[PDB]
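This report refers to the structure that appears directly beneath it.
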Amino acid sequence: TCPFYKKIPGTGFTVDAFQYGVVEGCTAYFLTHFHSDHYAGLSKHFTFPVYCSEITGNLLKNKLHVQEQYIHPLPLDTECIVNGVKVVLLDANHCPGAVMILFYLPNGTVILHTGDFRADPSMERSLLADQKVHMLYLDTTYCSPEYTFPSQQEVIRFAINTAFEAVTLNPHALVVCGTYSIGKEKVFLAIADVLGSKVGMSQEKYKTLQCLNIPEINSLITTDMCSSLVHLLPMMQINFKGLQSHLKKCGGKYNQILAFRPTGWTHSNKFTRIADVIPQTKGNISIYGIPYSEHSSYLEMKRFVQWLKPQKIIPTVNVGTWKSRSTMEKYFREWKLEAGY
Ligand code: NI
């Protein structure tokens, strides 16, 4: 049974609610982005209307084989009428094709569902600037002040400089980057660009990347691993055993691996600056964990909500424990008292 925080009151609509079977009363199913916790349940046998971005729609059709007749892509930043209700999709600054959804209820209520997002001051100048929001369905993944991490730009600066140094010292070093879903593509694309290489990867991963409308992509990626000195591998293989085994396969072309694991937040964030990050090393293999986040830090979250001034907040993440829920509710009230709404 579908939980309440995936239902939009006063509509026939659900958000990210594909694993509950046929939801009673649902005339349109929205999908914010193509991450498995959110799409869980979609397949070629789904026969209800799915509303999403163009990029999400490319992925539904090519990766999950959803039939074309049930996929309804919408342009961003554009007022659209769905089953008699005005909606707008906004960029969520999450993974490619990820959106927030503004719903303009027939009774005059305005609702924002963030999906998964990384808040940014640029959102304060989208179509959100123009009206009041009564209810906010909020990605609270990192809603506690211990969650700090650097900008995405500082993280990519670290990665490019690290990769370029290592390979210039040893032209026989291979760079490897971990992946398990879409998102975080700037990591491997930025490093390949500084090295003058294409990124090499499996046919399944190449297929996924070809659905993402990234400019000039045929110029940046390839399935010919032999022509590439930046390889992508599944995240599970980014360990000393898995990397050793990969290096065997490269036929003595390389004698060192430098590897990157983009994580979310990790507790080494509470002590160490990005500049000071060091790898784990065994022999001719080094692994860097880099805190490249596609979710709001606590401060970024707080700034967005204090700017938006919603009347009511409904968390969509960390909702399963009473201690989590109580913690989040305390921060929401602080924010409201400090800002005066
Ligand atoms: Ni996500």
Side-chain angles (χ1 to χ4, degrees), residues 2-3 5-6 8 14-20 29-43 50-60 62-64 66 73-74 76 89-102 112-120 122-123 136-144 147 149 151-152 155 177-189 205 208-209 211-214 232 234-236 261-266 269 289-298 300-301 304-305 313-320 324 328:
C2 185
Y5 67 78
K6 297 181 178 273
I8 306 304
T14 55
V15 184
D16 300 348
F18 299 87
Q19 59 165 300
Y20 304 105
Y29 294 74
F30 287 80
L31 181 61
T32 60
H33 69 293
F34 195 75
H35 280 161
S36 60
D37 279 358
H38 300 258
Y39 69 70
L42 275 160
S43 62
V50 182
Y51 288 84
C52 59
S53 68
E54 174 183 357
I55 285 163
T56 296
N58 302 342
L59 295 158
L60 290 181
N62 292 286
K63 301 290 291 191
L64 302 176
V66 176
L74 310 173
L76 303 184
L89 303 188
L90 309 161
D91 200 277
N93 189 39
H94 187 51
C95 61
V99 303
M100 319 188 285
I101 313 164
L102 254 193
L112 176 60
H113 196 302
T114 65
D116 287 343
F117 87 143
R118 186 165 183 176
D120 193 74
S122 66
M123 300 171 171
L136 179 60
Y137 285 68
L138 182 59
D139 171 17
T140 48
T141 297
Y142 297 125
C143 186
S144 191
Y147 301 117
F149 31 69
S151 62
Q152 292 177 165
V155 177
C177 296
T179 186
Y180 43 30
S181 56
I182 65 167
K184 309 188 182 189
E185 288 78 9
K186 191 64 173 178
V187 184
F188 53 85
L189 297 171
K205 182 72 178 188
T208 299
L209 297 186
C211 302
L212 308 181
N213 297 346
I214 288 176
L232 306 190
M235 199 69 86
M236 293 192 71
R261 291 183 350 79
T263 65
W265 174 94
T266 62
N269 274 272
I290 60 171
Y292 191 94
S293 182
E294 293 184 337
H295 297 272
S296 315
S297 73
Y298 174 82
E300 287 162 356
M301 192 188 302
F304 179 79
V305 175
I313 307 174
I314 301 165
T316 65
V317 185
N318 304 309
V319 302
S324 285
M328 292 181 296

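Because only heavy atoms are used, hydrogens play no part in the values below, and waters and symmetry mates are left out as well, while side chains stay in. We're numbering straight along the sequence, starting at 1. Each ligand, and each atom within it, is numbered from 1 in the order the structure gives.
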### Task
For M301 and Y147, run side-chain contact (heavy atoms from CB on, under 4.5 Å): C-alpha distance rounded to whole Å, both residues' side-chain angles, the deciding distance at 0.1 Å, then the answer.
CA-CA 11 Å; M301 192 188 302; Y147 301 117; over 6 Å; no

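Atom OG1 of residue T266 and atom CZ of residue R261 lie 8.5 Å apart, to the nearest 0.5 angstrom.
By the 4.5 Å heavy-atom criterion applied to side chains, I182 and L59 are counted as neighbours. A heavy-atom distance below 4.5 Å is not found between the side chains of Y137 and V15.
Looking at every heavy atom in both residues, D139 comes nearest to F117 through OD2-N, 3.0 Å.
Protein N/O/S atoms found under 2.8 Å from the Ni ion (ligand 1), listed by chain and residue number: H33 NE2, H35 ND1, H94 NE2, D116 OD2.
Distance alone, capped at 3.5 Å, is enough to place a donor-acceptor pair between the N318 side chain and the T140 backbone.
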